[PDB]
Structure formats: structure tokens, C-alpha cells
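Let me begin by handing over the structure; questions about it come next.
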Amino acid sequence: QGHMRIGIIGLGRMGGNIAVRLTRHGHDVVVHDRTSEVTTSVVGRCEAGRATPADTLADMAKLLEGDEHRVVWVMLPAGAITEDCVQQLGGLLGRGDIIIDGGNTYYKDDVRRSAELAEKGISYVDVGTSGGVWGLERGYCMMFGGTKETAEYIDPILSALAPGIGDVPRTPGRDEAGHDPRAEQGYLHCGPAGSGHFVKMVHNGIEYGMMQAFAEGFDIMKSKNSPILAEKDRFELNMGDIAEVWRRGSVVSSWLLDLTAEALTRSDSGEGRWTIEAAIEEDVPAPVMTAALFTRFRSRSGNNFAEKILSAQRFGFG
Amino acid sequence: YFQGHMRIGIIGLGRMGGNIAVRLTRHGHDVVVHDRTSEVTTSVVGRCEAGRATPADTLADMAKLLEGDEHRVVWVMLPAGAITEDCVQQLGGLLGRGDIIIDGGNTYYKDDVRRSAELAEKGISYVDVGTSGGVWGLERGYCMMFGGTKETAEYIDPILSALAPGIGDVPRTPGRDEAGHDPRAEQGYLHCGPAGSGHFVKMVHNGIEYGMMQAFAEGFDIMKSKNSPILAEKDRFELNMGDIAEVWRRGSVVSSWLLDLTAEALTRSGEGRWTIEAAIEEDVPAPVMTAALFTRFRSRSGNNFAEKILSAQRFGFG
Amino acid sequence: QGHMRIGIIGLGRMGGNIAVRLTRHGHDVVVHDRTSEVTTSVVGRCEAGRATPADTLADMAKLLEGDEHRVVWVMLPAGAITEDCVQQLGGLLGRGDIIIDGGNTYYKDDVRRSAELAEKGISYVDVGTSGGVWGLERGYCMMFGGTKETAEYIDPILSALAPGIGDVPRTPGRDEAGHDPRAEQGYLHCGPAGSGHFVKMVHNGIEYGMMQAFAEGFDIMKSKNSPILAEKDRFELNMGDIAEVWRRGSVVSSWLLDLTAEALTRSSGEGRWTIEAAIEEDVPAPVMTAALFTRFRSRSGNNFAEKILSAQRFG
Amino acid sequence: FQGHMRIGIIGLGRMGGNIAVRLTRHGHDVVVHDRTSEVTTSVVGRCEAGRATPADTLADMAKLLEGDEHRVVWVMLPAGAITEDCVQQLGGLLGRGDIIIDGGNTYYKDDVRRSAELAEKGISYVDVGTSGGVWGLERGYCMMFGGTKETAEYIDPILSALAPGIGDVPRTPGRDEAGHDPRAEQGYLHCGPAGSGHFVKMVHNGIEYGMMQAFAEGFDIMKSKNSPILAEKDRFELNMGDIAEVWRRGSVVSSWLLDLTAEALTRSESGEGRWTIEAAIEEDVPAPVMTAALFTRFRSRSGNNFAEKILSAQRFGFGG
């Protein structure tokens, strides 16, 4: 059997768990984060002799040396940190090396980085990783984009980070056709570099739409017992019992509903705007997603302006 | 202490009422079925286990053949509106004091509370049952949200637990019974409250369903339109909808029964308005569901008016 | 020839001003508010000797007695207050008397009240009054509903409060049949009782839509100099100068823009009823819906989704 | 200033020719040229005698404008490649000091790029968003322009001529203090460097589209209050024209759009908003009303039928 070696930059609640799961599947990791505390923490959390701490990115480039290609998975805050790290890695890594980006990066930035790194020979892969904390125990749903050769090369570590066939039944109609079978295992090559983060962005948009639908549904259910109604028109409904009964054989059953049922038994903001850009770039209406994000995408000045205008309308200046 | 089976009449033998009768017979219960079409009532008798389904020709024949039990239970699943109202009135005329009348259709919950009062005048117990599952519910169980008196709920508990999916393989939500909640919700059927609350919960359920469905719809639309010719090939991605839908079922946030239906389809009404009406009655904002409803409403005049105003703005009248 | 007499219940910044304007057009008013101080204050602001104060509603009903019908304009906080006042006036007033409702009442409530008061022989009129504080000097845009006979009866007291033909240029094509000419004066009989507050509701919807359009436009303008953009892609625009230049022959010139230009150089969820109308008639209203949900927000609906997302990414 | 100026005008459409006619009516001289010689001579005939000179080519008017301190050329052509080609041809023909005004609907980034390109040739570039349409010939054009302060102060006569003026529009209380551009009270405003004029014109068009859609759906609700979809007991047959008219007198919705709506209802009873939404996205600014107004202009062939297909499969299953 063969195992692979991956560097990992950014050791948060997803990068550290990615490293731990990679070590649990036999692979070697070279980890590094801004705070050495969490770096040593994930080194202690990984399998014995499978995680090596790196103090700098030069240290990681030195510790990834060897025959096979050096793959570096970057899970840093999206924005300037990720861009700086990717440029520094393009400076440090060699020809055949691979730069994977798992952050919440703009997909156009991924296309630009791939174009910039192809000149230096470095292959660039963009990965949207879904699962959060459970991915360490239940596998990560990964939508990635890159070259076919790099995808076939990096397939081992992705199949290690993937959930697998798991408990989910196969949907009828996936037989014999021209589909990517790896999709049934939790990870999918969506296309060239940038497509993985694009489909991750649309995935998050759908997630926010469903989340807001749940929010207003449960809010209607709660407000059915509000004082604004007559007692003869009130229902004191149990939110937890409804969220629990909905989990079994209903049209609304989902993972979001499982989270909702677990939460009800216990008691920036414009991240979606990129999606609606892709919506207006393609002349496709997206009213539900737009409303869902504008429930949380709010401007204080845009509101106090209109409020001052209305107060001047009905009360004047003084 | 219940170790036998029950006897229920069923009026309205469609693709859900007939499935309910067949599922009751497969679970040991006896049914007395009748429909407007004699062919289909004999058909659903032929679809049930031998000796467990008895055909009735009129509602009087059903009320007669159902005598003997402690309470005659009559489940009516007819088109909501005038048909179901006429049937409930005829049953209130035919049934006696102890008898129970269950309404499984998509009736307005206000009509449910009205019928409940009117039949409580005659001593007849009225129960409203929102049934979610569609055709699948025949084999996978029906998620049921029902409202009625507590005694009647305890009486019809066998048939509701029979039609329900059950505990199943779905994992229990941590923190459930420590607080002493309703355990029957863990089987797929929940007593929501007085008569009318079950159809209310089912209505909000279908509103959330429409919201999530529209979210998935515009998400996959934004995905498909990445390969539309309205963009330059420099800015196009030829994404595979089936592969994306399949990879999303493996531990992603958008994993849902709706996503299962969407994946299967890609590899191959009335209650949203009432939910928005309840939201208006309770002064709760529902942007996602309001937009999902406005996707159903389409006015060509709403845009033609503004376009004519703009044409007059930039071209004038005379 | 003659002048008319009106009772006024509710003397806020709108009722007191309509009373004062009615007195400035020669009409007599009988005023009353819950706080006696503001009642005796509205008295005195009116024309001398033409405004009389009332202490109770029975006192007003006694002070309105005479040959012609007793008209009572009610401008109270919409809800239970206005409903209770109208139900009291239904008992105090008699046959033929007129009850005007100027508050922000649900139009279905207006239809119901009209049906309830028609049995007692009392005519009911619903008036949506637009203008606010500016209407005292510039007249009130009034959209009312009631009986045609009642509409023709209260025409003097509405033409007094109306702005008139004014300096506003006439729109070409306004000399055919089926056109109410009084609409060119600022007051219009929309239809039966309830239609006035209905059209006022849609008017407020349009107002909020335009207000949010202005807000988003000026937001996009001011944020062109925000540090989130590179310096080579930034403009330091002047909000007041733009609001001023837009007043002179632009497509966006409006009264809202005039208020905006005066405010810039100076530096709950009631629209949902509109939405219900749009839902009842299968009419898409995306712009009004977005404008409303900018101001219509739910505490539980927001913190619930935020808790679900926090559970998703952190547990 | 006690004289008039001479300006060339390229693109004699329903606004370019009207701009030339309004400039000549205010005493200025114009040198006009269009691809169609017939409409060129027509615009010459529509202007005051001796104040409009026809030109057959761009070089002809470039030679006809010589002698002046700076040759000013106003271009109102279809935005895109036509205007770009014309502007670069003028950059090739005109010399250092001359002024190129762009009155079309050009993207403001194109304006800043053209300004940077022409500033190296010494040519001053100005972008002028012109609002008013065909009415501006009689009522004046609301102009939001961007350029250097020098070229702004130079072409100030022709802009103040095309502007509507102070007029009968009441002054805003509180405009007597310092720090304000007084020319804004005349109908034209220097917004900033080149490109800012078309930017604010774009935001202006976005607000226009928002208010237009608001009026549209409002009148739709009103008209549908008498729809057959409602019971007879819940219907109002409202008069749209009368409502639009009564709204013009001292209501909150009184506007020029309302005047156009009322004039249209007496007869029977657009790419700037997308770039405005793009600017809002670039600046992390929410624009719900404008985004909804834009989505009303889009049509989704699959967005609704896909959800309906999924629901049909939910309640009926996949047969085969």
C-alpha cells in the first residue's frame, strides 16, 4: 500500500480536523498555523508519527520535499490572507507541485490564481468543503475544480477525506450512464479550476434559502400563540415535537432540520452577494435566495436614511 | 394495553386514500372502503390483504357495516372544499355519539375548528390529520400531524402508529426525552393540539417545502446557466447537474429528501397562500415564502406598464 | 352662500391642522382630544370665534345639533381606539349623520363599519389623508370612499382641505367622460366605503418602494468612496449636490427627493396589508415586498437562522 | 462671460439634434455631423439661422472648429463600439487642449479609461450623463458630468445653456451655507473626475427603474381589486386615471414618473440598473428593491418549471 504527504496551512476547526482525518487514513501531514498552540495541538491529536509541525511556510516547503509532488492544502481566512499565502507558495513550490485552496474564496480569484500558477507550472485546485465539524467523523462533501491529471493524482487524499458510499441509498438512475461515479462517494470534480468554489457558493446559497424557509415557518408556528391574536384563534404548538415529527417521512426532512431538532431540544454578512452576481451575470432570477440573504444582508445607513426621510415626511424638520 | 387491530371506514379512495387503506390492511387493521367510483373501490378491496377490506356502496352502508366497535372511526380523504364538507355533513348525520370522524385532506384549518365545534354539538369527535409522504408513504410511512381531543387521540393511536413510519434507522436527536417530550413524535405522528392544529402544521410544512423547492430550483438554474451562451466562453463552466446533486447527498448541508428527489429527477399550491395569510394574521415577516409564492404569480402587465412608462419617458407621446 | 360645521375627534399633528384649516376657510369646528390641554390649544390656533372646544363625545354630539347632518371626522390611532370611538358615535349620532374616518385603518374594517352603521342610518366615509405637516399650508391629498350623496354633501369641507388646481400643470387628455374633475383639486371619491383607505394603503406602498429606491441609490453613491475599494476605483461624490441637481428636470425628481435634498443639506410592518391585497389578487409585488422587508424584521426569525448556521459550522 | 461658444456634435439622434437645437436657441454655435447626411441637413434646418454648420466628416468639423482656444466635440452615439471608435478617432484628430464630451450611456469604467488614454495626448475628456430624454429640448437637460475643474469651468456656458435653470422650482431650505456647488441649483453638476458623471447617471437610472416598478405593481394591485378572481362582495372598480391625477396634488408619491403615468393612463386605462446592482455588489451595499426590479426584467425558463416538476414527482412519483 501507498500513502501520500500533504502540507496544511490554516488549522481551524476544519483544517485541523482535515489533518487528523488524513492521519487516521494513513497519510502524512505537515501542519502549520499562525498560533503554534493549535499547531502542536493538532500534532498531538493526529496518529503517532503521521503529523509533523512546521514553524514557517519555508519549513513546510522543506518538509514536503521528496520524489512525489508536494501538495499544500490552504484553509485560511478568505481574502488577503489566502491570496498572500497562495502567492508565497507559488514562490516556494516547484513545477509539479499542487496548491489546493479550501477556503471561501471568490471563484474568479481561483481562476486567476490557476492562470497565474500554470505559468510557474504549479497546478491549482479549488475545493469547497461542506460538513463542518461532523466531517471529521462523517466525511467531507468536497466539490473541487482543477486539471484532470491533478484530480487523478490527488484522488487518494480526497477519497480519504470523503464520506464514502455510507448509509445513503443510491438514487435510481445512476447506472451505466456517463456520470462521475466518485460523486456517489462524497467528492466530485466539477470542472476546471474555479468551478468547485462556484458550486460551493451556489450550495451555500441553497443552504441559506432553506435555512430562512425553516426560520419563517417555525416563526409562524411560534407566533400562532402570540397576543396579537384572539384566544379563540391561538394554537400553543410545541416547536421541538414538530421539528422531530418532520424528520421522519416528511417532505421537509433534511440535515438542516436535524440541526433544528437538536437545537430546539436544547432551548461578514454579504457572503451571499457573490451568488446573486452570478445570478445577474446569467440573467436568471433568484428571488428566494436574494430574499434569504437580504434578511441578513442589511445596511444601517440605508435604513436610517429612509427612516429620517419618513420622519421628515410625517413630522417635518426641527 | 392494546394487542389487536381496529376497524376503520375510508371515504375517498385516491392514490393516497387507497394507499392508506392498503397500508392499514398490511399492518393488520380492517377497513371498510367506499368511493364515488365503484370500480376503484372494488380495486382497492382487491389491493388489500384477503378478508381485511370490505367494500361499502353508500355512506349508510359504511355506517352500518362499521357497527360493533366501541367507536366508529371514519377517515375521509376527498378533494378539500365542497366535497369534503358534504361528506363530513353526511357523516355527522349518519354517525352516532361515540363515533369519530377523521379528515385527512388538505382542508383549511379554520374549517377544521368549525367542523370540530359543529360535530361536538352532536357529540361526534372530529380529528384533522395532515398527511405528508405522497405516494411514497405507502411503503415508507406517512408523516402525520393531527389535531383533536386527547381521548380521541389515544383511541386512534393504533391506526396512526400503523400508518406512521416508526422509529426507523434515522438517528435520535440528542437531548430528547431528558426533558420529557412527546415520544410519539419520534415515530412520525404527532398530536399538535386541538382540532385544526394538525392541518395548520401541515400547511406551514408545505410552505417551508415550497420555499426549499424554489431555493433548489434557482440554485440549479444558476448552475445550469454557467454554460449559457449569454456569457463568453472565457467565463463558462460546463457543470454536470446530476453529479452535483449526487455529491450533495453525501454529507452536505443541503442534503434533504427534496435533494433526493432532485437527484433522481435530474438523473432521469393553495397552502403557500394560506401560510402567507397566517403570517399576515400573526404579523411575522416571511420573505422567502412570499418570494416563492410570487414566483407562482406572474403578471405580464406588471412589467408592460413600467416598460410603457419608460418608453414614454425616453420617446414621448407627442 | 353658507359654510359647514364639522366635529373633530383626535387632535394630533394632523387633526388639529385640518381643524385649523377648516376654520381658515370659514367653516366652524367642534374639537376634542383625550388630553384637554391640546384641545384648548387647538382652540385659539384656529380663526377667531369659529372653533369651539368639546370635553366629551356627548358634548360634541350636542354641539353639532342643528338642521343639517352632523359630520364627525375621527383621526385617532388606528386599531381599538378608532373602532371604539366609531362604535360610540354610532350610538350618539342619529339618522343621516356622517362619520368620517381619517386614520390609518384597515380597509376591511372600513367596509365592516359601513355595513354596521348603515343599519342605524348613519353614513360612513373613509378618508386617507396625505400631506402630513405640509398639508396645513399646501392642502391635503384626500382619497375617500362613501355614498355618492354623502360624497356630494361633504364636498365643501373636502374642497377646503384640498390643495386645489394650484400651480401643478394639467396633464394633457383630461376632458373626457368618466373623469372625476375633482381629482384635479387633490381630493377624489374612489368608490364605496373602504376604497379610500385601500388606495391610501397602495399609495403608502408606492411611497415606501420609492423611499427604499432612493436609500439604495444614495447608499451606492456614498459607498463609492469606501475603503473596501481600491483608490483607483473610488469617487468622492457629494450627496447633497446630487440630490439638488436631481430636482431640475430629471426622471427621479419627486416630493420624496425634495425632502431628501432638504435633509441632506441639513445633516412597524403596516405595509404587509398591501402585500395581503397583492396575494388576494394574484399580483406579484417584488419591489414593494423587498422595500417592506427592509423595515419588516423578525427577532426570532433572525436569531433562529443564525443559531442554525452556528450549529452547522461550529456545533 | 458675455459671449457664446462653438461646439461640434457627432450623433444627431432624438437627443443629439435636440441638444444642438437647444444650444442654438440659447445663442451658441454648433457644427453637426451624422452618418446620414439627410438628418444632418435636417438638424441644420431645425436650428436658428446661421448658428448651425453642417459637416460631412469628422475631419471636416475638426477643421471647422479651428481658431477657438479649445475645440469642444460632444458625442452622442450608441454606446459600445461605435462611441469608442468615434472617441478614439477624435483623439487622433484633435490636439492638445481640445475637449471631448461623451453624452451617451457609456460604462463609467470605459469613461475613466478613455480619460486616462486621452490625457496623455493632452486632450481633456468629460463624461456627461444627460437626463430628460426628448422633453429636455423644452424643459432643459439635467446633466451630471465628470471631468477636470478646468475643462468644467471652460464648457460651463454650454452646460448652463443646456441646463433647465433655477426656474420656478422652490429652493431647498438650507442651501445658503458655504461648501455647496450652486450650479446644482440650475440643473447641472460637476460630480468629480472623469467617469463620475456617468456613474451618478447610472445610479439615477437605477432609482428610476425602482420607482417605475413600484408604481407599476401599485397600479396592478389597484386594477386587480376589480379582478374576476375575487368575489363580488370584495371588489372595487377603481379609476386608475383619477387616482394618478389626485396623487399629483400634494401626495407623497407625486413625481415626474407619476406625471408620465397619468398622461399615459389618459390614453388607455435599460441596462443601467444591472451595472448599478454590479456597483452595489462591488461596494458590499444591499439593494433589495433594485435587485427585485432587475429580476422582474429577467425571465427564468427553468426556475419555476423545475420546482413544479420536483413537486409533481413528490406527489406522484417517477413512473417511467
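Chains here go by letter, A, B, C and D, matching the order in which they are written, and residues are numbered from 1 within each.
The rule is simple: a residue touches a chain if its C-beta (ideal position, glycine included) is under 8 Å from a C-beta of that chain, and two chains touch if they have at least 3 such contacts.
Composition by chain, UniProt nomenclature: A, B, C, D = 6-phosphogluconate dehydrogenase, NAD(+)-dependent, decarboxylating.
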item	value
Contact-richer chain pair (by C-beta pairs counted) among A-D and A-C	A-C
Cα-centroid distance, chain B relative to chain C, in whole angstrom	43
Inter-chain centre distance, chain A versus chain C - centres from mean C-alpha coordinates, in Å	49
Chain C and chain D: spacing of chain centres that average the CA atoms, whole Å	33
Touching two or more other chains - residue numbers and ranges from chain C	134, 172, 212, 214, 216, 219, 251, 256, 262, 266, 282-286, 289-290, 293-294, 297-298, 301, 312
Arrangement of touching chains [line / ring / star / complete / other]	complete
Pairwise chain contacts under the document criterion	A-B, A-C, A-D, B-C, B-D, C-D
Residues of chain A defined as touching chain B within the complex	130-132, 134-135, 138-143, 162-164, 166-168, 171-174, 177, 179-180, 183-188, 190-192, 194-195, 198-199, 202-207, 209-210, 212-214, 216-217, 219-221, 223-224, 226, 228-229, 233, 235-238, 240-242, 244-258, 261-262, 265-266, 275, 278-279, 281-292, 294-295
Residues of chain D touching chain A in the complex	173, 252, 274, 277-278, 281, 284-286, 288, 291-292, 294-295, 298-300, 303, 314, 318
Chain C residues touching chain A - in the complex, by the definition given at the top	13, 132-134, 211-212, 214-216, 218-219, 222, 256, 259-260, 262-263, 266, 286, 289-290, 293-295, 297-298, 300-302, 304-309, 311-315
